[PDB]
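The block underneath contains the structure these notes are about, expressed in structure tokens.
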Amino acid sequence: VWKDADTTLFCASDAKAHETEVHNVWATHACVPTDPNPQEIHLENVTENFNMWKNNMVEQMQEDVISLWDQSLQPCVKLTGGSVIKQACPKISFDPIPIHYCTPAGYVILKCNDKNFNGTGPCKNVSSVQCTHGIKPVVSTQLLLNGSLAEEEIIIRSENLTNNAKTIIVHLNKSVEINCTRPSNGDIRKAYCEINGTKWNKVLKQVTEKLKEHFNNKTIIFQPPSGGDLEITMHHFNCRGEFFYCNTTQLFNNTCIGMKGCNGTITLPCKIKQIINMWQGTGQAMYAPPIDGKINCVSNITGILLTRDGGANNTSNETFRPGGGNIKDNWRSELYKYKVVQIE
Amino acid sequence: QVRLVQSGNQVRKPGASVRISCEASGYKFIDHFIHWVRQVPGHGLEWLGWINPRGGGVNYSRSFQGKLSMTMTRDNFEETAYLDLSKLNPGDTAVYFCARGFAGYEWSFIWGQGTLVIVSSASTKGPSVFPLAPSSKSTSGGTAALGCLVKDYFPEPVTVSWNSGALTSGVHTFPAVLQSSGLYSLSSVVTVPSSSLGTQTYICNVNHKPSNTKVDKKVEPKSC
Amino acid sequence: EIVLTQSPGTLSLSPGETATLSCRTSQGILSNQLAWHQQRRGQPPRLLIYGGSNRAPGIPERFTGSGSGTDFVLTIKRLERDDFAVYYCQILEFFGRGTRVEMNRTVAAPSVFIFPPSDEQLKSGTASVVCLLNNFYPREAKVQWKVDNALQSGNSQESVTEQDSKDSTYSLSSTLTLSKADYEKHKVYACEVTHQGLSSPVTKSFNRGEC
Ligand SMILES: *[C@@H]1O[C@H](CO)[C@@H](O)[C@H](O)[C@H]1NC(C)=O
Ligand SMILES: *[C@@H]1O[C@H](CO)[C@@H](O)[C@H](O)[C@H]1NC(C)=O
Ligand SMILES: *[C@@H]1O[C@H](CO)[C@@H](O)[C@H](O)[C@H]1NC(C)=O
Ligand SMILES: *[C@@H]1O[C@H](CO)[C@@H](O)[C@H](O)[C@H]1NC(C)=O
Ligand SMILES: *[C@@H]1O[C@H](CO)[C@@H](O)[C@H](O)[C@H]1NC(C)=O
Ligand SMILES: *[C@@H]1O[C@H](CO)[C@@H](O)[C@H](O)[C@H]1NC(C)=O
Ligand SMILES: *[C@@H]1O[C@H](CO)[C@@H](O)[C@H](O)[C@H]1NC(C)=O
Ligand SMILES: *[C@@H]1O[C@H](CO)[C@@H](O)[C@H](O)[C@H]1NC(C)=O
Ligand SMILES: *[C@@H]1O[C@H](CO)[C@@H](O)[C@H](O)[C@H]1NC(C)=O
Ligand SMILES: *[C@@H]1O[C@H](CO)[C@@H](O)[C@H](O)[C@H]1NC(C)=O
Ligand SMILES: *[C@@H]1O[C@H](CO)[C@@H](O)[C@H](O)[C@H]1NC(C)=O
């Protein structure tokens, strides 16, 4: 017999002691090696309730990524309130590695294997595992990158869709590549992101169709963010240690859903910023100018964060804007199928 | 204790802007959304939107899109949220509240004290004060009524006292009414013994701070 | 949109009695999604109940939230003076239109007074004629201006006090505004008052220019 419980997890990874890359360095002293022979036991005739929105595994992962970033990033200036810290800011090696989350003795992780499980409610295909799959701690906004895919249909996740303050996570079932480049090609901060418009617009139309099912067949319209810091109004992510800000207006083009020119490549204008707002909470940091040469990163778009416009208007349509409420929601997007229980 | 303290009441011309602040205290500012709510005098509460201090992301009510130009911002260091309203119209005259959900219940609002914003083309003007004279047919050993008509001022408020506060029994000072001129008017009345009309002096003290106007008006039976 | 319907619109109860306020929703909701607020006149709202049934800290135990599905209730036992107020329910971003809880007392007829315009005001070109209805209950009252027996409509404005906390009565002023020229065209100015406490309407009058 078991019951829902929280406990201190530990992490496992394939980090290497010879690697200078900062995730590897953190995971070398903060995690144990990955289980060579992972065991998963499918529990016959067991129904179990999950709640991805109230899952302490998420909070624990959050604290790890905060500690990782705190020990790794080296901005020229750290700013907090009135406190200013100038320090050396050498260019670092930055590339997230998969981190596994594991239970200690007396506990186990239950895992929902229902293919269209939305994150809350009963799960009828439950297995037990010692460790999660490897999750890359990718810090990004608007788009979820390099994550896992929904196995069957596109899944809409929300604690409550009627509640406009609750984050919506759209889980894709097919990846769309996003190809970002700061060319060696003169504005050194000017960059761009290329997306296959045919692939993307097909997926985005699929997303709108799934949103329709959850919102009483109302018309689904996208709009750009109404306000916020640049990390919010733009697709924000890091590539090779550099902080990228990409304009996603073209990525949510209502004309290309439901006619001429939407098949070509979508090019998003981007900027690399030296001065950023810290996602850990309150704080500003300034980094050195971008590294020389071509800066390039290809990522998989595997999810979208959305916010729905609140308030009451005679509604033919619901309006959604890219961006979610919280960095922890990124961890939720991967941890949704897991729950810790205590063995009795 | 959770506390939200807003900036003071404002008066604007049509077309102008106003920025209302909302200073939070008693909790960890970045972990709670700030909402804004308006209430037109005499009407109900209407949610305007929220801001998320973690990033400054916002959600503006569809009900006010195209009807109210607003911008929500915050300063995390100062733990203050701001509501900026531009291109004001007379219909934007309202009390604006900021609010924060009770812990664990984002839509169970804890309220700031409110900020009145008046939008009017009227210009600042002190009142004229006229006597409401006690009737000469007041019952001999009964009760008389008298008062002051405080007319054609802008903006609110005026205060009215009687005999510098030494008379408060039986005093009614009415809510101001907005006239079609765009100026306000109110009356303050008091009931007093009819026997006192020939011996007791009654003075209404009117103060209109926005125009730095003060009036001490003696109210007496009208001579025949 | 969640449509909230509060009922009744107005409650008239004696102090000591129990008030039962309803908030009904067009669709079933979760309890956590509902709050009750109290608003005294001229004041900000104050949170009473959060999450449908939880009394906010400092809120007296005589306030109790209950309900589920589509029907939520705020019950106020042993009404005190400060409890006579407007109460709003909130569900997510939506507010009910409010229930006003008003103090019941014995019927009280208004004392009625009429005031001619001052000579000083007339000098400036305008005449304000004022009718005062003092210390009555209930609030409902009709004031009718008559000028040489001609019923006037549209040239007066009324103001009513908040219910008096001390004696639970209301008072009301009605102001008839005329140009000096129009005022001088007529002799008899009268306000006629109808109220539950009067067996028949009371009229107060004066003749212009007469003591
Ligand atoms: C449960 O899900 C697993 C995938 O992990 C699958 O292999 C298995 O067949 C499923 N069991 C049932 C009874 O559907
Ligand atoms: C998820 O599934 C549960 C159980 O069927 C249901 O109660 C809930 O509404 C669903 N949520 C979403 C966002 O579809
Ligand atoms: C990107 O997606 C493809 C197909 O979905 C997958 O094979 C590949 O491993 C993914 N790459 C990363 C870095 O996640
Ligand atoms: C993804 O899900 C949609 C429905 O949500 C479905 O139409 C589509 O075929 C799925 N794609 C894949 C590759 O499974
Ligand atoms: C990505 O962009 C670069 C530069 O525009 C281009 O050379 C490359 O072919 C693109 N695709 C991939 C998979 O790198
Ligand atoms: C874009 O993706 C589609 C598949 O949906 C593919 O047929 C097409 O060749 C791609 N475009 C380019 C330029 O590779
Ligand atoms: C994105 O680009 C559009 C069109 O160029 C522009 O109107 C919008 O302001 C941009 N957004 C941001 C956050 O820069
Ligand atoms: C949206 O797509 C259309 C193609 O029909 C294109 O002409 C237009 O420029 C796009 N708008 C934005 C803001 O990207
Ligand atoms: C996604 O993975 C690719 C290859 O592993 C990497 O180059 C890229 O930087 C990753 N994207 C992010 C945002 O970390
Ligand atoms: C969201 O709230 C509504 C009531 O407002 C409720 O009917 C629905 O079940 C809730 N959704 C979930 C996933 O609990
Ligand atoms: C109002 O108060 C009076 C006097 O106390 C009482 O007779 C009457 O029944 C009350 N009315 C109501 C509706 O409580």
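Nothing in this text is a laboratory measurement; each read-out follows from the coordinates by a stated rule. Ideal geometry is used to build each Cβ from the backbone, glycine not excepted, and the neighbour counts take in all protein chains shown.
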Taking H as built 1.01 Å from N, whose amide H comes closer than 5 Å to the amide H of C:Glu17, not counting residues under 5 places away? C:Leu79
Over all directions, how big on average is the projection of the convex hull of the alpha-carbon atoms in segment B:1-76, in square nanometres? 6.2
Counting only other chains, what is the mean number of Cβ atoms within 10 angstrom of the Cβ of each residue in peptide B:172-180? 5
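Can you sort B:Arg19, B:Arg38 by how many other beta carbons sit within 10 Å, fewest first?
With the fewest neighbours first, B:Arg19, B:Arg38 line up as B:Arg19, B:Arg38.
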Only sites in a loop by DSSP and with at most 14 other Cβ atoms within 10 Å count here; which chymotrypsin sites (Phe, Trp or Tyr not before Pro) in segment C:81-181 make the cut? none
Dimensions (Å) - segment C:131-211, Cα atoms, principal axes, largest first: 42, 26, 25
Estimated dipole of segment C:164-211 in Debye, rounded to 20 [Cβ of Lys and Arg +1, of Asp and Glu -1, Cα centre]: 180
Which entries in C:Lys142/C:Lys166; B:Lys218/C:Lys180; B:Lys151/C:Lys180; A:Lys210/B:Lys67; B:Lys13/B:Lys67; C:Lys146/C:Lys180 show an alpha-carbon gap greater than 20 Å? C:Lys142/C:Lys166; B:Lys218/C:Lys180; A:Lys210/B:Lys67
For segment B:98-200 the translational diffusion coefficient, Stokes-Einstein from a Kirkwood Rh over Cα pairs at 20 °C and viscosity 1.002 mPa s, in µm²/s, is roughly 127
Roughly how crowded by other chains is peptide C:40-48, in terms of the mean Cβ count from those chains within 10 Å of each of its Cβ atoms? 5
Taking the square root of 5λ for each eigenvalue of the C-alpha gyration tensor of chain C, the equivalent ellipsoid has semi-axes, largest first and in whole angstrom, of 45, 18, 14
So what's the convex hull volume per residue for the Cα atoms of segment A:77-212, in Å³? 238
Find out how many positive minus negative residues lie around C:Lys185, taking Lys and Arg as positive, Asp and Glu as negative, among other residues whose Cβ is under 13 Å from that of C:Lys185. 0
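Rounded to two decimals, what is the ratio between the C-alpha radius of gyration of segment C:28-83 and 2.2 N^0.38 Å?
Rounded to two decimals, the normalised Rg is 1.14.
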Relative to 2.2 N^0.38 Å, what does the C-alpha radius of gyration of segment A:233-344 come to as a ratio? Two decimals please. 1.40
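Could you work out the mean count of beta carbons from other protein chains within 10 Å of each residue's beta carbon in C:118-127?
What the average comes to for C:118-127 is 3.
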Cα extents of segment A:111-161 along the three principal axes, largest first (Å): 32, 31, 20
Using the Cα centre as the reference, give the magnitude of the dipole from point charges on the C-beta atoms of segment B:122-224 (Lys, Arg: +1; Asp, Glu: -1; all else neutral), rounded to the nearest 20 debye. 120
What do you get for Rg/Rh over chain B if you use C-alpha atoms and the Kirkwood form of Rh? 1.13
Return the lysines within reach of A:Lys339: Cα separation strictly under 19 angstrom, same-chain partners fewer than 8 residues apart disregarded; answer none if there are no such residues. A:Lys3, A:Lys54, A:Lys111, A:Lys115, A:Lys124, A:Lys136, A:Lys328
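Largest first and in whole Å, give the semi-axes of segment C:1-105's equivalent ellipsoid, each being the square root of 5 times a Cα gyration tensor eigenvalue.
That gives 21, 14, 13 Å for the three semi-axes.
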Radius of gyration and Dmax over the Cα atoms of chain A, both given in Å: 20.8, 66
Note down the net charge around A:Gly134, summing +1 for each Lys or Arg and -1 for each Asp or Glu among other residues with Cβ under 10 Å from its Cβ. -1
Please report the net charge: other residues with Cβ closer than 13 Å to the Cβ of B:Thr173, K and R +1, D and E -1. -3
Taking square-rooted eigenvalues a ≥ b ≥ c of the alpha carbon gyration tensor, is the protein assembly as shown rounded, prolate or oblate, where a/c under 1.5 means rounded and, failing that, a/b exceeding b/c means prolate? prolate
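How would C:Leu176, C:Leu30 line up from fewest to most surrounding beta-carbon atoms within 10 angstrom?
C:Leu30, C:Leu176
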Using only helices, what value at 222 nm comes out for chain A when you add -39,500 (n - 2.57) per DSSP H run of length 4 or more and divide by the total residues, to the nearest 500 deg cm²/dmol? -5000 deg cm²/dmol
Please report, in debye to the nearest 20, how large the charge dipole of segment B:1-152 is about its Cα centre when each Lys and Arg carries +1 at its beta carbon and each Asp and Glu carries -1 there. 420
What is the order of A:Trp200, B:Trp107, A:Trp53, fewest Cβ neighbours within 10 Å to most? A:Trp53, A:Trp200, B:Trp107
